[PDB]
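# Observations on chain architecture
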Amino acid sequence: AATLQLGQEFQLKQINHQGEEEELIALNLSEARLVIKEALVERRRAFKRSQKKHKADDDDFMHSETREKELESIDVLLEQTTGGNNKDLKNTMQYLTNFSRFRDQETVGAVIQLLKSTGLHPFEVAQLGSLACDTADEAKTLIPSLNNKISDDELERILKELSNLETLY
Amino acid sequence: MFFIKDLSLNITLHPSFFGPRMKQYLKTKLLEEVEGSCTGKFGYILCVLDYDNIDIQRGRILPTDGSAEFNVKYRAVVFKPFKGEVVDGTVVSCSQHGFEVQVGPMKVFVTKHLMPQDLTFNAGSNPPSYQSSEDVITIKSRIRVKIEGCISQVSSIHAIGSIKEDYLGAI
Amino acid sequence: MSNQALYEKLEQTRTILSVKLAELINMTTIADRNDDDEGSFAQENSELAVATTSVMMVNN
Amino acid sequence: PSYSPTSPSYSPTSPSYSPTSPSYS
Amino acid sequence: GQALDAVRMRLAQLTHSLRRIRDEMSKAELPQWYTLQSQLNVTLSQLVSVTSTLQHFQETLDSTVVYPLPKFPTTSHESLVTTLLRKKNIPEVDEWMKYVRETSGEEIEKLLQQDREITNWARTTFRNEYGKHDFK
Amino acid sequence: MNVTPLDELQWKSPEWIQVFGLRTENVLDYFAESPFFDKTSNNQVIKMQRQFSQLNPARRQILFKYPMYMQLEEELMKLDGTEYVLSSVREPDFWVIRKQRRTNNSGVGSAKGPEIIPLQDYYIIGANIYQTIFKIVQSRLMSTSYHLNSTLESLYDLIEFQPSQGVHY
Amino acid sequence: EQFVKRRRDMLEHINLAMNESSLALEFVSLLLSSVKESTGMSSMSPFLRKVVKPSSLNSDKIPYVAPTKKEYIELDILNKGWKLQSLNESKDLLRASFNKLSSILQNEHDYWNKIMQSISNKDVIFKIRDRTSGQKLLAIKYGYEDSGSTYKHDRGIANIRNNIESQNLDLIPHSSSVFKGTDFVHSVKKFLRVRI
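A few points on the structure. (Residues numbered from 1 in each chain as written, not as in the entry; some residues may be left out. Chains lettered and ligands numbered in written order. Part of a larger assembly, values for the part shown. Heavy atoms only, no water.)

Moving on to the overall build of chain A. Of regular secondary structure, chain A possesses eight helices and two strands. Mapped in sequence order, the helices and strands of chain A form the string β-β-α-α-α-α-α-α-α-α. For chain A, the C-alpha atoms occupy an extent of roughly 60 × 45 × 25 Å along the three principal directions. Here chain A, with 169 residues, has 47% of them falling under the buried criterion. Accessible area of chain A: about 8800 Å², with a carbon and sulfur share of 48%. (Helix = DSSP H or I, 4+ residues; strand = E, 2+ residues; numbered from the N terminus. Buried < 20%, exposed > 50% of the residue type's maximum accessible area, 1.4 Å probe, protein only. Areas by Shrake-Rupley, 256 points an atom, 1.4 Å probe, with all protein chains shown as cover.)

In structure tokens form, the structure reads like this:
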């Protein structure tokens, strides 16, 4: 999408099941990983509630000490929620976990606020949330849409602030 | 690229499952068939939202075999790139013709003609890699690839990208 | 299994050693260092935030 | 966008500690 | 303005984290210990980042000169102006370091260099102790 | 010997406002007896010169509004150094002066006029006078850190551990 | 009641800590709003938006004060002073923490040794989750189920409880969960009598 050619299937204006126009939603690695983790843990909780109906521990999964412990919790979650029949989901989740720029929800919200305060395109915002660039020109070349649309000083400020926001591992 | 879309599917339920618990069987069928799939019209099917809010439609018994077909609509998060897209990814394998980069669930290949000559192939290194004056790219190295084209089949989408211009390689 | 416990105790021991060295250096040079040469890197810019960072080290 | 703005945490009830002393002429 | 903008965004996220830890402590039931530790460590390291970034850009903050708006009316908002204007510390911290200095209480300089040599000696001694035993 | 910082120093002169009242005409006259008015400034020298002679955006607006301000320039251009000049005025309660020092660099090669450099901030609010935000921010943060330390040490005192359960309260 | 008092104390302390911290954000939010209105609108509180149209903070220049020996040497030696303070409270807090840890820890070694030297052994021992408590407790299988008995009413399972008061070990059966008292021995002691 160098020229923002998203096609009909991925138009900026989306028609939902309610028939009202909505802005197209784009999520980076951190947002998508958090959303899928939340959905999986909610589904696990629903499954446990259903099993209790037919017939505490969940706080430790979301709060992970380390990357390896997070990966182990992810494997347990996939075993207990997915069944192990979906390898592509495991690969995507591993790719999200290994290269997640931001682990905490509040920091991800800060990144979202910083990127979308200027009102840029959701594609550019998600790309900036996915890519960490040292210099504004590096991002502008690697994101041709950002060219001619954002001042270099603003892009440099955003990139430096994002680099500062990265939580040390 | 991650996006939220509205999807629909036609699911056939066997006559032997015709009981009061049909909604549970439909939900299990949907979850077991849709999640993790790939469709060339919408890319890989990554996840489905609002599992409790699954929309259903009245059955329509087929006149030939008795299996009841249902139309199910939902909202899903999916991944699909576009021409000219630039994405960060992880090097998978190193070859003399170029390299392969995993981005999300997909693979983008770059041929040696698509990088500047400053990056030279080193085979004696363990593992073999591409070495330049500033950037070194190898396994588990974050590399930015500008995707140029994509080929879509029933179950997967392959991609071919180029890094011939500046500000590409190791980050 | 047992190998995982071995590894976990490994980072346990190395973390003890690293945090021990950190608290040692922090308390030894807790007396702030002023050196005219550019080589030295010790900065105390905001007066009370220095004490805040000190109690930070203590609590950590 | 912006996930949530900050709640107003004004403390007008704070008495302040301004030192007053050079009033006599 | 860029430095103060970065200070603004970082302090805003710090205040957001403070609001968070506040509304999860205000509950009548205390959550698990581990969640409290995670929140504490995250917010406290964020405070460290706040301190470091405020340290980095002292020159930009000092160079700025404060002035009220021509459009801002002081006749009606003088209380609000005075609220932000005042900067004197809270008293309890004041007598806190007063008692601290009371307890602490060329001679001072040579004690200072003696502290220098003790610090260097202790650092070298612990480096030697670490090197004595193989930790890998 | 303990000195209150001049930035927070606030002078009140009820007798002067009772006798003369608050006005832009005598705002400098009100400021004259304050400790902040340095006796070494050229304004006082101009004052004795006038006394001896008698015995023997909004900057341009306030520039053109008053003729005594004119006389202030034509008596201040000759003397270079620390001088007191008005910054802005909104009646009938708000006045602020501009604390600047002048170095009339008449050297060859400088086409600019006399150099004007800020020294201090002074705000006249009502009958009161006010005179770094960095200090305010660091003070607030350090007091917050002290309160947080007290709360956390109390909470850790409340903490109780058992091997068979972990930590509870 | 002391727990409630200290909880209220820490609540009011953190509220006092955050009240001053809010004003820093209130001040610093003005610059971007002046530079860019739309981005700055959301930063301020609604009351501050109602107070004035925000263009408050504008860039300005002031020179740096000429340095000398006067203030840096005293600044740094007094920073040395506060950090020597911090070292003192560091040592004191660490000493208190280690004293508390040593006292508690030796207490659980006392209970630990009591457990180790109070337990004998062949016996089918496992961990089970209590129906009421939900935690893991030691249980012993003592029934005749595996010896050939067809009696299905009782499983012969007894949970082990370390008596807090007497520092001894007691066995609580699964079936008799109604009698909760120290008179269990005599209440459950049954026998078979033959009279001719």
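What follows is about the overall build of chain G. For chain G, the helix and strand inventory stands at six helices and four strands. Listing the helices and strands of chain G from first to last along the sequence gives α-α-α-α-α-β-β-β-β-α. At 35 Å, chain G has a C-alpha radius of gyration far larger than the 16 Å of a compact globule built from 196 residues. Dimensions of chain G along its principal axes, counting C-alpha atoms only, are 115 × 45 × 35 Å. (Rg over C-alpha atoms; globule rule 2.2 N^0.38 Å.)

Glancing now at the interface of chain B and chain A. Contact residues are listed per partner, giving 40 residues for chain B and 39 residues for chain A. Summing the contributions of chain B and of chain A, the shared interface buries around 3900 Å²; its carbon and sulfur component is 59%. Ranking the residues of chain B by area buried against chain A places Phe2, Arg144 and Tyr167 of chain B at the top, with a combined share of 19%. For the interface between chain B and chain A, the tally reads one salt bridge. For the salt bridge of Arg43 of chain A with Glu35 of chain B, the shortest nitrogen-to-oxygen distance reads 3.2 Å. Applying the counting rule to chain B against chain A returns 14 residue pairs in polar contact. Listing elements by their share of the side of chain B that touches chain A, those giving two or more residues are β1 (2–13), α1 (22–34), β3 (43–48), β5 (68–79), β6 (86–94), β7 (98–103) and β12 (142–152) of chain B. (Contact = heavy atoms within 4.5 Å. Buried area = accessible area lost by both parts, 1.4 Å probe. Salt bridge = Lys/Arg side-chain N within 4 Å of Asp/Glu carboxyl O. Polar contact = N/O pair within 3.5 Å; in protein donor to acceptor, adjacent residues only side chain to side chain.)

Attention shifts here to helix α3 (residues 67–81) of chain A. Residues and elements named next belong to chain A. Here α3 contains 15 residues, and its C-alpha end-to-end distance of 20 Å stays within 8% of the 21 Å for a straight helix at 1.5 Å per residue. Regarding α3, the residues found buried are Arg67, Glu70, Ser73, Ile74, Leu77 and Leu78. Projection of α3 onto a plane perpendicular to its axis shows the buried side chains occupying an angular sector of 140°, all on one side. The exposed set on the far side of α3, more than 90 degrees from its buried face, consists of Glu68 and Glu79. Residues of α3 that are buried in the fold lie against α1 (29–54), α2 (59–62) and α4 (87–98). Taking the backbone nitrogen of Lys69 as reference, a side-chain oxygen 3.2 Å away marks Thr66 as the first, capping residue of α3. Just downstream of α3 lies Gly83, where phi reads positive at about 95°. (Expected span 1.5 Å × (residues − 1). Arc of directions from axis to C-beta.)

Another point: the side chain of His16 of chain E. Take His16 of chain E: it is sitting in helix α1 (residues 2–25). Of the polar contacts made by the side chain of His16 of chain E, one reaches the side chain of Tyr3 of chain D; its length is 3.2 Å. Within polar-contact distance, the side chain of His16 of chain E engages the side chain of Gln13 of chain E at 2.4 Å. Non-local contacts of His16 of chain E, meaning those with residues more than four positions away in its chain, are made with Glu106 of chain A together with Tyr3 of chain D.

Most contacts, compared over the 14 pairs of chains touching, are made between chains A and B. Chain B shows no contact with chain C. Their nearest C-alpha atoms sit 22 Å apart. Considering only C-alpha positions, the minimal separation of the non-contacting chain B and chain D is 16 Å.

Residue and element names in this part refer to chain A. In contact at an axis separation of 11 Å, α3 and α4 are set at 160° when each is read in the N-to-C sense. Between α3 and α4, the angle is such that the two are roughly antiparallel. Seen from above, α3 lies across α4 with right-handed handedness. Along the contact surface, α3 presents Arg67, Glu70, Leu71, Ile74, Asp75 and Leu78, while α4 presents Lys90, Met93, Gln94, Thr97 and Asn98. Of the residues belonging to the contact of α3 with α4, the class tally is four nonpolar, three polar and four charged. (Axes fitted to C-alpha atoms, helices over the stretch in contact; angles between N-to-C directions. Parallel < 35°, antiparallel > 145°, perpendicular 65-115°, else oblique. Left-handed = near helix turned anticlockwise from the far one by under 90°. Nonpolar A, V, L, I, M, F, W, Y, C, P; charged D, E, K, R; others polar.)

Moving on, we come to the sheet that holds strand β4 (residues 169–173) of chain G. Residue and element names in this part refer to chain G. The four strands lie next to each other as β1-β2-β3-β4, forming an open sheet whose pairing is antiparallel. The open sheet has two free edges, formed respectively by β1 (124–129) and β4, since each of these has just one partner strand. Between one strand and the next, the sheet's axes are offset by a mean angle of 40°, whatever the strand orientation. The pairing of strand β3 (residues 157–162) with β4 spans five bridges and is classified as antiparallel. Paired with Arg161 across the bridge in β4 is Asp170. (Pairing = 2+ DSSP bridges.)

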